[PDB]
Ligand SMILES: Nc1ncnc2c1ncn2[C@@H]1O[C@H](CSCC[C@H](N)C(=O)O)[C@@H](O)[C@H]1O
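One chain follows as structure tokens, the form deposited without S-adenosyl-L-homocysteine (SAH).
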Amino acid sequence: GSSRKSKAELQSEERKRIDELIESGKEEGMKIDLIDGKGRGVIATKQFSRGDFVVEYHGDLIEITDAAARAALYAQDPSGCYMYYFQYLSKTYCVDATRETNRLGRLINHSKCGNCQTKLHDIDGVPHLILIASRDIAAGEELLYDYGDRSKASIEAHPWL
């Protein structure tokens, strides 16, 4: 197999890698830390390249089916027990991350000026919410993403608006 691996082949391999990490729940390259002037967050312990899978946002998947419940989701503010939500294949889902686990995605802080972005990842039709590096990230940096990145698109599509 000496032929140069395609950009497509690499993405296919990374999809397979991600499926397995999501299956295993193995998490490498991050730790909880205490940050001076902020408190608890999650930091990189190794380098991440722009576009690298960072962590799954792991918790309990809940499907939401009525307009009122959707409004309740959409009207949320990033600041506690914020329930991250998304649209997938004409369904609405949120992830309840309130159970205490060892899975670290739930502990990554919110920022409008972050270094990670969310992405949906399909495993046999089941959407998984993962975090991806928006740029090169150094060991030692706090991981941050925008909790509100999907709100505007969700709100605009709501039947009551």
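Start at 1 with the first residue shown and count on from there.
The discussion below concerns the form deposited with S-adenosyl-L-homocysteine (SAH) bound, not included here.
Asker: At 2.4 angstroms from backbone or C-beta atoms, do at least 3 atoms of S-adenosyl-L-homocysteine (SAH) clash after superposing the site C-alphas onto the pose in the deposited complex, making the site blocked, or is it open?
Answerer: Open: when S-adenosyl-L-homocysteine (SAH) is placed as it sits in the deposited complex, none of its atoms comes within 2.4 Å of backbone or C-beta atoms.
Asker: Heavy atom within 4.5 Å of S-adenosyl-L-homocysteine (SAH) in the deposited complex: which of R135, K46, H110, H121 fits that? Just give me the one.
Answerer: After the contact test, the surviving option is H110.
Asker: State the residue from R99, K31, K26, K38 whose non-hydrogen atoms include one within 4.5 Å of S-adenosyl-L-homocysteine (SAH) in the deposited complex.
Answerer: Here the answer is residue option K38.
Asker: Whether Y88 contacts S-adenosyl-L-homocysteine (SAH) in the deposited complex should be assessed with a 4.5 Å heavy atom distance threshold; does it?
Answerer: Because no heavy atom of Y88 falls inside 4.5 Å of S-adenosyl-L-homocysteine (SAH) in the deposited complex, the answer is no.
Asker: In the deposited complex, is there a heavy atom of S-adenosyl-L-homocysteine (SAH) that lies within 4.5 Å of any heavy atom of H128, even though the partner is absent here?
Answerer: No, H128 stays farther than 4.5 Å from S-adenosyl-L-homocysteine (SAH) in the deposited complex.
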